[PDB]
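In: experimental structure and sequence below, a few questions after.
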Amino acid sequence: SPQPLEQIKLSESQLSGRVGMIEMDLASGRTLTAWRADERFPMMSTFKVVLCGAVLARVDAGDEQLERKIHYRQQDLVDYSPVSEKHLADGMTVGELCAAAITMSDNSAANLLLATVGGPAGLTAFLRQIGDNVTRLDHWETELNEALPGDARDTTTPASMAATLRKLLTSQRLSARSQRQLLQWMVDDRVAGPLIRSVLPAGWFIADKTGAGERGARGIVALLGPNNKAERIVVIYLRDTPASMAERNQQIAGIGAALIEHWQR
């Protein structure tokens, strides 16, 4: 592979789209590699990690329980509800909903959860409360994936998303149990995790959440590292490309490969 920057440049050129990236030390927060780190990209399903961060903060405060059962109706369901559609009769626990949202990208699950944190506005308020003054949610699923050109709604920046993921995962903000739970849900991703794990060299930790939207919008937030250890946060977003899903996937993979091959910093 080319050097990480060379590769990212190549991906923009080949995709005719905009790429945003940050690679960050998890322990210290040190920014190692960056590209358009301050430019805005649609979060898409990557927001479900921050969502469940907010849910866990409520659990920590005693205003919520992961065991609480939520009951809903079929009329409440939105496009793509692989787990939630199976539980119209019995319902789902808050914890099960976070599992479905993060591990299966279940969209109705995400909406049921978003309600409990005060909706898009409530989640945005949460972000500002932990010192993210950039990331904002404005829509529910599935409108949050529209990726309208120039639209600031429903967006993050690579730098802000990496900072916020670090804040949720390693700072005093969530309880130890909540920090471990948010990570495990990412470890347990069924959508892209097993695929990624299958092509990573032996010895590499991966945990992740992916997203996809309109106009070529694609992304991943990931924890990655050698010697079986979650060493770095990696955030990669693409927007405004006409390319196939396969090629968008391949380009993000190539960027990952460049990072892994040229890891020592």
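Out: Done, it's in. Numbering: from 1, shown residues only.

In: for the longest helix along the chain, buried residues please.
Out: Using DSSP state H to assign secondary structure, the helix with the most residues in the chain is helix 245-261. Within helix 245-261, the residues that qualify as buried are 247-249, 251-252, 254-260, counting by 16 or more other C-beta atoms under 10 Å. Bear in mind the C-beta positions are built from the backbone N, C-alpha and C, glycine included.

In: contacts for it next, please.
Out: Where contact means C-beta atoms under 8 Å, 6 or more residues apart in numbering, the residues beyond helix 245-261 that reach it are 1-4, 6-8, 10-11, 14-15, 19, 21, 23, 33, 196, 199-201, 204, 212, 216, 218-220, 224, 234, 236, 238, 241, 243.

In: contact partners for the most centrally placed residue in the chain?
Out: Among the residues of the chain, residue 46 comes closest to the average C-alpha position under C-alpha atoms, centre = their mean, at 2.4 Å. By C-beta under 8 Å, 6+ apart, residue 46 lies in contact with 156, 161, 209-211, 219-221.

In: which of the three states applies to it?
Out: Classification of residue 46 into helix, strand or coil gives helix, according to DSSP: H, G, I helix; E, B strand; the rest coil.

In: roughly how far apart are the residue of the chain lying at maximal distance from its centre and residue 112?
Out: Counting by C-alpha atoms, centre = their mean, the extreme residue of the chain relative to its mean C-alpha position is residue 89, 29.6 Å from that point. Between residue 89 and residue 112 the distance, using C-beta to C-beta, to the nearest Å, works out to 15 Å.

In: sorry, back to before: in PDB, could you pull the C-alpha coordinates for the longest helix of the chain?
Out: The C-alpha trace of helix 245-261 is given here as PDB (Å, rounded to 0.1, in the frame of the first residue of the first chain):
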ATOM      1  CA  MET A 245     -21.200   0.300  -2.500                       C
ATOM      2  CA  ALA A 246     -18.500  -2.300  -3.400                       C
ATOM      3  CA  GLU A 247     -16.000   0.400  -4.500                       C
ATOM      4  CA  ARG A 248     -16.700   2.600  -1.500                       C
ATOM      5  CA  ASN A 249     -16.100  -0.500   0.800                       C
ATOM      6  CA  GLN A 250     -12.900  -1.300  -1.100                       C
ATOM      7  CA  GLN A 251     -11.600   2.300  -0.700                       C
ATOM      8  CA  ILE A 252     -12.200   2.400   3.000                       C
ATOM      9  CA  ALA A 253     -10.500  -1.100   3.200                       C
ATOM     10  CA  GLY A 254      -7.500   0.200   1.300                       C
ATOM     11  CA  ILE A 255      -7.200   3.200   3.700                       C
ATOM     12  CA  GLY A 256      -7.300   0.700   6.600                       C
ATOM     13  CA  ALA A 257      -4.600  -1.400   4.900                       C
ATOM     14  CA  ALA A 258      -2.300   1.600   4.500                       C
ATOM     15  CA  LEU A 259      -2.700   2.400   8.200                       C
ATOM     16  CA  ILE A 260      -2.000  -1.200   9.300                       C
ATOM     17  CA  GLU A 261       1.000  -1.600   6.900                       C
END
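
In: and for residue 1, the neighbour number?
Out: Neighbourhood size, residue 1 [other C-beta atoms under 10 Å]: 15.

In: what's the answer for the one 3 residues further on, then?
Out: Neighbour count for residue 4, taken as other C-beta under 10 Å: 24.

In: same check, this time on residue 169
Out: A total of 22 residues lie near residue 169 under the criterion other C-beta under 10 Å.

In: wait, what's in contact with it?
Out: Here residue 169 is in contact with 26, 179, 182-183, 223 (criterion: C-beta under 8 Å, 6+ apart).

In: give the contact list for the residue nearest to residue 17 when sequence neighbours are not counted.
Out: In space, residue 17 comes closest to residue 241 once its chain neighbours are excluded; the distance is 2.7 Å by C-beta to C-beta, 6 or more residues apart in numbering. Neighbour list for residue 241: 15-18, 215-216, 248 [criterion: C-beta under 8 Å, 6+ apart].

In: from these, keep the buried residues only.
Out: In terms of neighbour count (16+ other C-beta under 10 Å), the buried residues within the contacts of residue 241 are 15, 17-18, 215-216, 248.

In: next one: residue 133 from residue 139, what distance?
Out: 20 Å.

In: noted, bye for now.
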